[PDB]
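*Asks:* Sharing a structure with you now.
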2 protein chains.
Amino acid sequence: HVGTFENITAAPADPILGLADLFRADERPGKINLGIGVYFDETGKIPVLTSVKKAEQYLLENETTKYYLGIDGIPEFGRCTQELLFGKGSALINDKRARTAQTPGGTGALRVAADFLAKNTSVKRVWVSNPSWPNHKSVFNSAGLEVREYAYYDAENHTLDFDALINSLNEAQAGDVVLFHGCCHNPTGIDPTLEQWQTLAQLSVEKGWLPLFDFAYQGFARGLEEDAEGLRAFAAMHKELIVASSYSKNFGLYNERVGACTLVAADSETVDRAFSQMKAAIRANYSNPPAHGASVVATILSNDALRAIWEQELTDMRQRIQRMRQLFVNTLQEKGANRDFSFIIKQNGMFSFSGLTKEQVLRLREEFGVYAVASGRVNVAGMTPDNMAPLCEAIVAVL
Amino acid sequence: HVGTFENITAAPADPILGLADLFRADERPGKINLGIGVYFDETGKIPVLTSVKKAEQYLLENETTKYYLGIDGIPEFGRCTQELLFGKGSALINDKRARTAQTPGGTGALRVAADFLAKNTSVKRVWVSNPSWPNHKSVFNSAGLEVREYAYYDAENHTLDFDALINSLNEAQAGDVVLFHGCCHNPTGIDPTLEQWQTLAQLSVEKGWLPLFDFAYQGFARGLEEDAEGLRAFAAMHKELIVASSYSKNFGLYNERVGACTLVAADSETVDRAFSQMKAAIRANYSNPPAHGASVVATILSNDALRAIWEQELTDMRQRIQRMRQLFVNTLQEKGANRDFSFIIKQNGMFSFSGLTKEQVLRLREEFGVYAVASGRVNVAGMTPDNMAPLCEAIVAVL
Ligand SMILES: Cc1ncc(COP(=O)(O)O)c(C=O)c1O
Ligand SMILES: Cc1ncc(COP(=O)(O)O)c(C=O)c1O
């Protein structure tokens, strides 16, 4: 009678969360954390938004029960999510073509979609950008879906390699899923232009792909409406699509696990039938979603006063990151870098895709206490006026 | 192209949550909800516990960040959970043989265990009592495991058919998983005696089963410590086991999704190896767990004044249920019931397994607006002094 657990092989360290554990153990003073994608303020803290504290006070005073939510969550949360994604007067909403489930974070939204697709459709293959968020492959693989990669990044020109993207998707077949980052591509910070989105939408329709949009950073590139332009170009042309969205980043609600999975089908009767199977997949996973974080978001989005506060707080975050992008480039020059880092100013969202080699990233960590992901992704939102100079001195030292 | 969603078949309604939806839509003022397992107070509401409101006020005023929890959640939540399960000074805890992940509810803990087993071991088969919670089969099937049923309930004598149980489980092979309800069996309310638990534990080690305890009602049978005797008898003999537990019921925290999956192995090295793969399975599901509910539970359990308030609130809930069982039995006789219902007194937890037929349950709902599950399971915790009379008049009318 040998033990059931004896033949288990240890899992590898998560490329992002294993980094964050190393950083916590490091005892060297002055260490700098440019790893995980969270927003830091000017003092290096990860604060709760004021709009969120105000919403949480309202809930504390007014909640009378913790009775279970429905499988698909708070209804108002679903409607505000759809207006945010598709626009206040979208035909998708007027025609009742979309159904939304509240999920535990953006990850949970991706997993719900993966389980739904694997069990209820003939989808066998998901295409994701190379590079992408490392956990994408794991999520779809957990449902038994094959994941293939398409080309995306021109590391020479620090731009979208649109020609290779198109050519590498040639073998994606009708009924395959193709995953797009809605904005603030993780890790490159490089998003298609409106014209490029429009070309992709047309191509997707011709080849019969099922688009799946991952929206984790709406509002961090240019603005809430502008960041949804690519999705809305797809939505104007497609009968069917799926959107996984997260409120972790744009509400600073990381650990309350607030996200949404939105299904779009050709008509109301089809999406309702499909959605009943999405609800069945949720029920066999976590039963029904956590209320606190989604209640906060729904409270903020449906109160005009609280929403105006939140939109300003999100603008402040976006602008601080853009200021740090510019200060990073300038200080690298000041500190003696001969490599041209000006492409960082053109990149969107929390990160810059710097180009450092695995070996240089390792040197930064072991020698200077500066923590980036081994792909060379750095969280610009982790840079402050106080840590910018030592950070840049370290980078110049390993170049 | 023909759409990917066009041929999806609609899912059937959930036997518990579908009933709850019918109940909400029912326009009759006298309707009575005895379906889903939630606690009502004697005024018919589903309240937030006072310990919980106090903890939530502390969190509101002292939380400074929503930064991601680790994959396995709040550390003190894990330690307090192990202490509740195994006892203040257990050898499992002192030998560092146990690891706990905070999960989204008890359901989430079951799915995490199921995914972990399916993807990392040779387990193919899970054995569940007939009857059981209906969602058990769905969770394990969705992870790819086969579900087999063992006998449990003697319907003629309203008792545990221990001989039938032992005999059906002789077909369970070594390396199979056998699922036990820790206490307050759902739906029958009939638990093993301590002697019977000891017999099963011995039989379990000799046959090589991997036990999986589902603990959703610790504290509702006799007491926090007493209700864990059966699990602690298993833990004294086995090298390996899994406990999925829930704080939904005993904290009235249903919609915040607070549960735990606890892994036990033969030694510290093996459990840390196995737990690394459990974390991988979590990372590809919801990434990390929701903070608010678990923070509430950890604040209560780690503060002596709050814990004392909570333990009294749980005692009051348990005792109110016991008063309703007796009142239910006495009132049935007063309303003209032909049959002996005294076996209801011998059942533990929120429910009673009434023995009504599906056709009688259907009549109760359609003619009398009394909502019970089609199995005849009734939620005694939904009974109040004000609804007992019409409730019992309706039951007598359909006998
Ligand atoms: C592209 C992308 N998708 C999904 C996620 C996961 O978001 P969440 O924390 O809400 O699960 C992230 C970041 O965490 C992300 O960058
Ligand atoms: C035996 C059993 N296991 C698990 C659960 C699920 O607990 P939770 O709501 O926390 O997911 C329940 C009741 O809901 C239950 O009765």
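Positions of Cβ are backbone-derived with ideal geometry, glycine not excepted, and every protein chain shown enters the neighbour counts. None of the figures in this text is laboratory data; all of them are computed from the coordinates on show.
*Asks:* For residue A:88, state whether it is assigned to a loop (DSSP other than H, G, I, E, B) and more than 9 Å from chain B (Cβ to nearest Cβ). Spell out how you get there, then give the answer.
*Replies:* Details: assigned to a loop (DSSP other than H, G, I, E, B): yes; more than 9 Å from chain B (Cβ to nearest Cβ): yes.
Criteria met by residue A:88.
*Asks:* Then there is this: Exactly one condition in (1) without any contact (Cβ under 8 Å) to a residue 40 or more places away in the chain; (2) buried (at least 22 other Cβ atoms within 10 Å of the Cβ); (3) of a type outside the set (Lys, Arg) is not met by residue A:106; state its number.
*Replies:* (1)
*Asks:* Here is a further query. Could you list all residues from the stretch A:1-12 that are at the interface with chain B (Cβ under 7 Å from one of its Cβ atoms) and of a type in the set (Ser, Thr, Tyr)?
*Replies:* Within the stretch A:1-12, the subset at the interface with chain B (Cβ under 7 Å from one of its Cβ atoms) is A:1, A:3-6, A:8, A:10-11.
Selection gives A:4 alone.
*Asks:* Follow-up. In this structure, is residue A:93 under 21 Å from the mean Cα position of the chain (by Cα), of a type in the set (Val, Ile, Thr), surrounded by fewer than 24 Cβ atoms within 10 Å (Cβ to Cβ) and away from ligand 2 (no atom under 16 Å from the Cβ)?
*Replies:* Values: under 21 Å from the mean Cα position of the chain (by Cα): no; of a type in the set (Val, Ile, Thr): yes; surrounded by fewer than 24 Cβ atoms within 10 Å (Cβ to Cβ): yes; away from ligand 2 (no atom under 16 Å from the Cβ): yes.
Judged against the criteria, residue A:93 is not a match.
*Asks:* Can you tell me which of (1) within 14 Å of chain A (Cβ to nearest Cβ); (2) under 30 Å from residue A:61 (Cα atoms); (3) surrounded by fewer than 21 Cβ atoms within 10 Å (Cβ to Cβ) is the one residue B:51 doesn't meet?
*Replies:* (3)
*Asks:* Turning to a different aspect of this structure: Restricting the stretch B:27-43 to residues that are assigned to a loop (DSSP other than H, G, I, E, B), under 23 Å from the mean Cα position of the chain (by Cα) and more than 14 Å from chain A (Cβ to nearest Cβ), which is surrounded by the fewest Cβ atoms within 10 Å (Cβ to Cβ)?
*Replies:* Among residues in the stretch B:27-43 that are assigned to a loop (DSSP other than H, G, I, E, B), under 23 Å from the mean Cα position of the chain (by Cα) and more than 14 Å from chain A (Cβ to nearest Cβ), the one surrounded by the fewest Cβ atoms within 10 Å (Cβ to Cβ) is B:42.
*Asks:* Here's something else I'd like to know. Given the options B:234, B:215, name the one that is within 15 Å of ligand 2 (Cβ to nearest atom) and in contact with a strand residue (DSSP E or B) (Cβ under 8 Å, 6 or more places away or on another chain). Working first, answer last.
*Replies:* Details: B:234 fails: within 15 Å of ligand 2 (Cβ to nearest atom).
The unique qualifying residue is B:215.
Quick grid of which residues meet (1) of a type in the set (D, E, K, R); (2) touching a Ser or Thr at 6+ places or on another chain (Cβ under 8 Å); (3) under 30 Å from residue A:316 (Cβ atoms):
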{"site": "A:5", "(1), (2), (3)": "no, yes, no"}
{"site": "A:18", "(1), (2), (3)": "no, no, no"}
{"site": "A:32", "(1), (2), (3)": "no, no, yes"}
{"site": "A:40", "(1), (2), (3)": "no, yes, yes"}
{"site": "A:45", "(1), (2), (3)": "yes, yes, yes"}
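*Asks:* Output the residue which, of all residues in the stretch A:282-308 that are part of a helix (DSSP H, G or I), facing chain B (nearest Cβ under 7 Å) and within 16 Å of ligand 2 (Cβ to nearest atom), is surrounded by the most Cβ atoms within 10 Å (Cβ to Cβ).
*Replies:* Quick first cut of the stretch A:282-308, residues part of a helix (DSSP H, G or I) only: A:282-283, A:291-301, A:304-308.
Pick out the ones that are also facing chain B (nearest Cβ under 7 Å) and you get A:283, A:291-293.
With the extra rule that they be within 16 Å of ligand 2 (Cβ to nearest atom), the set shrinks to A:283, A:291-292.
Working: A:283: 20, A:291: 29, A:292: 25.
Applying the filter and picking the extreme gives A:291.
*Asks:* Would you please name the residue that is nearest to ligand 1 (Cβ to nearest atom), looking only at residues in the stretch A:218-259 that are polar (S, T, N, Q) and in a loop (DSSP other than H, G, I, E, B)?
*Replies:* Of the stretch A:218-259, the ones polar (S, T, N, Q) are A:218, A:245-246, A:248, A:250, A:255.
In the following step, the residues that additionally are in a loop (DSSP other than H, G, I, E, B) were identified as A:218, A:248, A:250.
Values: A:218: 11, A:248: 3, A:250: 10 Å.
Within the stretch A:218-259, the match that is nearest to ligand 1 (Cβ to nearest atom) is A:248.
*Asks:* Any idea which of (1) away from ligand 2 (no atom under 12 Å from the Cβ); (2) surrounded by fewer than 24 Cβ atoms within 10 Å (Cβ to Cβ) is the one residue B:115 doesn't satisfy?
*Replies:* Looking at each condition in turn, residue B:115 falls short on (2).
*Asks:* Any residue that is without any contact (Cβ under 8 Å) to a residue 12 or more places away in the chain and in a loop (DSSP other than H, G, I, E, B) - is there at least one of those in the stretch B:128-141? Don't jump to the end; show me each part of the working.
*Replies:* Taking the stretch B:128-141 as the starting set, the residues that turn out to be without any contact (Cβ under 8 Å) to a residue 12 or more places away in the chain are B:137-138, B:141.
Remaining after also requiring in a loop (DSSP other than H, G, I, E, B): none.
No; the residues of the stretch B:128-141 include none that is without any contact (Cβ under 8 Å) to a residue 12 or more places away in the chain and in a loop (DSSP other than H, G, I, E, B).
*Asks:* Go through the stretch A:118-141 residue by residue and tally those that are β-branched (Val, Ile, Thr), in contact with a helix residue (DSSP H, G or I) (Cβ under 7 Å, 6 or more places away or on another chain) and either facing chain B (nearest Cβ under 7 Å) or under 14 Å from residue A:263 (Cα atoms) (or both).
*Replies:* Taking the stretch A:118-141 and keeping what is β-branched (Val, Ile, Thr), we get A:121, A:123, A:126, A:128, A:139.
Applying the additional criterion that residues be in contact with a helix residue (DSSP H, G or I) (Cβ under 7 Å, 6 or more places away or on another chain) yields A:123, A:126, A:128, A:139.
Retained after the next criterion (residues that are either facing chain B (nearest Cβ under 7 Å) or under 14 Å from residue A:263 (Cα atoms) (or both)): A:123, A:139.
Here the count works out to 2.
*Asks:* Quick check on my filter: what residues within the stretch A:355-383 are in contact (Cβ under 8 Å) with a residue 40 or more places away in the chain, among the hydroxyl-bearing types (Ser, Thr, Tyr) and closer than 21 Å to residue A:340 by Cα?
*Replies:* Across the stretch A:355-383, the qualifying residue is only A:375.
*Asks:* Given the criterion of a type in the set (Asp, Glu) and within 14 Å of another protein chain (Cβ to nearest Cβ), identify the matching residue among B:163, B:115, B:154, B:95.
*Replies:* On the way: B:163 fails: within 14 Å of another protein chain (Cβ to nearest Cβ); B:154 fails: within 14 Å of another protein chain (Cβ to nearest Cβ); B:95 fails: within 14 Å of another protein chain (Cβ to nearest Cβ).
Result: B:115 is the single residue among B:163, B:115, B:154, B:95 that is of a type in the set (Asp, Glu) and within 14 Å of another protein chain (Cβ to nearest Cβ).
*Asks:* Could you list all residues from the stretch A:222-279 that are at the interface with chain B (Cβ under 7 Å from one of its Cβ atoms) and without any contact (Cβ under 8 Å) to a residue 40 or more places away in the chain?
*Replies:* The answer is A:239, A:240, A:255, A:270, A:273, A:276.
*Asks:* Within the stretch B:161-170, does at least one residue satisfy the condition of being in a loop (DSSP other than H, G, I, E, B), in contact (Cβ under 8 Å) with a residue 24 or more places away in the chain, away from ligand 1 (no atom under 16 Å from the Cβ) and more than 30 Å from residue A:65 (Cα to Cα)?
*Replies:* From the stretch B:161-170, those in a loop (DSSP other than H, G, I, E, B) are B:161; that's our starting set.
From what is left, the residues that are in contact (Cβ under 8 Å) with a residue 24 or more places away in the chain are none.
No, that holds for no residue.
*Asks:* Just a yes or no: is a residue in the stretch B:13-26 surrounded by 16 or more Cβ atoms within 10 Å (Cβ to Cβ), closer than 30 Å to residue B:306 by Cβ and at the interface with chain A (Cβ under 9 Å from one of its Cβ atoms)? Show your work before the answer.
*Replies:* Within the stretch B:13-26, the first condition is being surrounded by 16 or more Cβ atoms within 10 Å (Cβ to Cβ), and the residues that meet it are B:14, B:16-17, B:19-20, B:23.
Filter once more, keeping what is closer than 30 Å to residue B:306 by Cβ: none.
The answer is no; no qualifying residue exists.
*Asks:* Hey, among A:106, A:189, A:175, which residue is closer than 23 Å to residue A:15 by Cβ, within 14 Å of chain B (Cβ to nearest Cβ) and outside any strand (DSSP E or B)? Break it down stepwise before answering.
*Replies:* Values: A:189 fails: within 14 Å of chain B (Cβ to nearest Cβ); A:175 fails: closer than 23 Å to residue A:15 by Cβ.
Exactly one residue qualifies, and that residue is A:106.
*Asks:* For the stretch A:54-80, give me the residue count where each residue is more than 7 Å from chain B (Cβ to nearest Cβ) and in a helix (DSSP H, G or I).
*Replies:* Residues meeting the conditions: 12.
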